[PDB]
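Here's a solo chain for you in structure tokens, the form deposited in one PDB entry.
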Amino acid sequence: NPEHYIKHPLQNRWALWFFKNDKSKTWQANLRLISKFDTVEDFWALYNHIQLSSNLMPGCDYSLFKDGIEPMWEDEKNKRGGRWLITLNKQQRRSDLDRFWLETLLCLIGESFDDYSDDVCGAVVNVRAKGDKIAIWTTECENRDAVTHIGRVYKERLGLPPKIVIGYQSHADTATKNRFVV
């Protein structure tokens, strides 16, 4: 009866990355791999071991990307893509940041975007003095059906009401100008 002793595999292997602003180093040299995991049990062991995003120093990021996709725009799977952006005010660091980030992680490892989960590359949380940000990165900013389905599902999974609109920008523009809004 394998259910007793086998870990539950995830559809993908995922890499969790950490960034801290150290002005002595280049941006790339500051982007650091925490660990990779590919089971439910190993995801929770990692998550239960690390700091909540709300406890990070301003200027730090977490990011979760599929194994083989670097957490930067210049990766082959990111360079033609873009992101759904959640912007948090300073009060939402207390109320929403950690629960929104956990839900984002689960949307990813749980493959919650049906046939379009293959367009997801990863997700990033930025802790910043002027307002935190959470974003889901996807591979192709011209795939309207993929991008808007991901945005509608994501908005629903976060519990955001229709009074809130979220935008999708291509990375080529980021490097707010929206391609899509939901």
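Counting begins at 1, following the sequence as shown.
Below, we refer to the form deposited with a partner chain bound, which is not included among the displayed structures.
Residue heavy atoms within 4.5 Å of the partner chain in the entry with it bound occur in exactly one stretch of 130-138, 147-155, 22-30, 112-120, and that stretch is 112-120. Although the partner is absent here, residue 103 lies within 4.5 Å of the partner chain in the entry with it bound, judged by heavy atoms. The shortest heavy atom separation between residue 67 and the partner chain in the entry with it bound exceeds 4.5 Å. A residue is said to contact a partner when one of its heavy atoms sits within 4.5 Å of a partner heavy atom; residue 166 fails this definition for the partner chain in the entry with it bound, lying far away.
Heavy atoms of residue 9 reach within 4.5 Å of the partner chain in the entry with it bound, making it an interface residue.
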